[PDB]
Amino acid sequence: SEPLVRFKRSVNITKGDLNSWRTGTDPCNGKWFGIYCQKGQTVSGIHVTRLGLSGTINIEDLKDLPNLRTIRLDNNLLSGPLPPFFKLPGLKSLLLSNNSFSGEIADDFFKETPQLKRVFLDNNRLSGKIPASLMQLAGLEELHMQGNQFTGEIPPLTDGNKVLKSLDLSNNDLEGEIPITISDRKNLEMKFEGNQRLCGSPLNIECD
């Protein structure tokens, strides 16, 4: 569990240090900063933030951690397309706040990620239509996508979801009627401000 983690460290970091993720030491000894471990034995989360990570994530390295469940890479400089996080089958928490990931996410990106409870993609530069499969996750509880450049209509949310309690789509450029699959729910903190073109809604604008 040491060599793949330091494959992942060896991309591009511009602010701060390892320090350290030594290749010949166990990452659950308690010295490895920013690592979480199930039961003091195996790696289950990566939590590294504000290091100016400017390189590229190679998810084949992260696939060699079989019980990794949480990734939190908030406030770095990661850019390019969104890496294929769907290749990690047990992933529960994907936190990539304030990075610079760009481009359109494949609509089928979340077809085979039923374990995801939390997806924070806010304040990147993602574009082009929220993937419909994201809104088909029955177990998605927290989805924060504010501050991107998403366009098009919001996909409907499946009735199979009974746990979504926080949805933030503010400050994008979304268009259609806000789906009543979302707005009817009485336990859902939802946010849609700063989305001109958007109507229906908890917002006070018809639609039409």
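All residue numbers refer to positions in the sequence shown, first residue = 1.
Higher average CA B factor: 34 to 42, of the stretches 177 to 185 and 34 to 42.
The PDB entry records a higher mean C-alpha B factor for 20 to 28 than for its counterpart among 188 to 196 and 20 to 28. The PDB entry assigns the greatest CA B-factor among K92, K111, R125, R72 to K111. When the modelled residues of the chain are ordered by C-alpha B-factor, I57 sits in the highest third.
Among all modelled residues in this chain, the alpha-carbon of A138 has a temperature factor (C-alpha) in the highest third. Remark: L68 belongs to the highest third of its chain, ranked by C-alpha B-factor as recorded.
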